[PDB]
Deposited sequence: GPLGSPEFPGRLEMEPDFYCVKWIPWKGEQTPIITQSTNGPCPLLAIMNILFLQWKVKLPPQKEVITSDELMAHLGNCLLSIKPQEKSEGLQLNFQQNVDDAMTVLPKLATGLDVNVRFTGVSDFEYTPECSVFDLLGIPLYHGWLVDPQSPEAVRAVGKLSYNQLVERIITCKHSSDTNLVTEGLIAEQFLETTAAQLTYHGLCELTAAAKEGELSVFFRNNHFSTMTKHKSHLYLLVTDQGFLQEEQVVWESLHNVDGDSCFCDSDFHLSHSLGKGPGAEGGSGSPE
């Protein structure tokens, strides 16, 4: 319903809760909250087996509203964060740029992440090895790309028409929204032991890098009983993905 199961794991020698997800549940909220649990910035009592969206909001509120600044820029951000909280549960709008694993159109939505010090990533990157594609896509965000593709379809100008077709096949071939280059850059760009949020295919995940390896936190309700299953390889682009325990050992 509107309840989420709590799962306890041995994280860095401590009993730590993480929250498991429905089928199409509240994954941004979850991606964020699970980071906060893993950092012990939010604590649940030992016997918590279930938690509600409202409680999560309350714990989240305690984080956001307890943050102190490095004046007026700061307070604006915080309300933009507050205003967005409901969308954290029902679906959040992102608009990636294909130039880099941190490149999004900056919106209020993104600001929550920034206030909590939580990096936000995607791996939907145009291959630098193909200059035609790099030129066509340029610095355009996804939303601009689909508009441009449309404009170009209506032109009979060869340049525009060519630009569009290249952009189209970029979107067609990379529709999984993760590329080998994105994967490599994620690898090199993410820092060891940092917890972050990874966008892909309209899902937000809790991500970390450990010994140069990238993992997504397993929140699937199916594995609620299996303590040994905590981390899943961010394995690209498709194929068998290995599971690890809390300590990043094969489970």
Stretches of the record's deposited sequence for which the structure holds no C-alpha atoms: 1-15, 86-91, 273-289
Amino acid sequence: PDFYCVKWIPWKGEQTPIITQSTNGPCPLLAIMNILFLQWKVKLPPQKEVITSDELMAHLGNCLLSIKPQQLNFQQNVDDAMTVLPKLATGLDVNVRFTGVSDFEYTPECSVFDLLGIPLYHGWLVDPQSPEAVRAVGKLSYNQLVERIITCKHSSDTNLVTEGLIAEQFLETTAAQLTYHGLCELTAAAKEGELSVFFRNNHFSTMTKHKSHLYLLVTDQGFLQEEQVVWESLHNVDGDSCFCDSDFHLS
From here on, numbers count along this sequence of modelled residues.
Averaging only over Cα atoms, indicate whether 12-20 or 237-245 has the higher B-factor in the PDB entry. 237-245
Using only C-alpha atoms and the B-factors in the entry, which stretch averages higher, 192-200 or 43-51? 43-51
When you compare the CA B-factors of 81, 120, 116, 171 as listed in the entry, which one comes out on top? 81
Between 208, 34, 212, 62, where does the Cα B-factor run highest in the record? 62
Using only modelled residues of the chain, where does the Cα B factor of residue 87 rank: lowest third, middle third or highest third? highest
Residue 104: which third of its chain by C-alpha temperature factor? middle
Considering every modelled residue of the chain and its Cα B-factor in the PDB entry, is residue 177 in the lowest, middle or highest third? middle
Taking only the Cα B-factors deposited for this chain, tell me whether residue 149 sits in the lowest, middle or highest third. lowest
Taking the entry's C-alpha B-factors for this chain, is residue 165 in the lowest, middle or highest third? middle
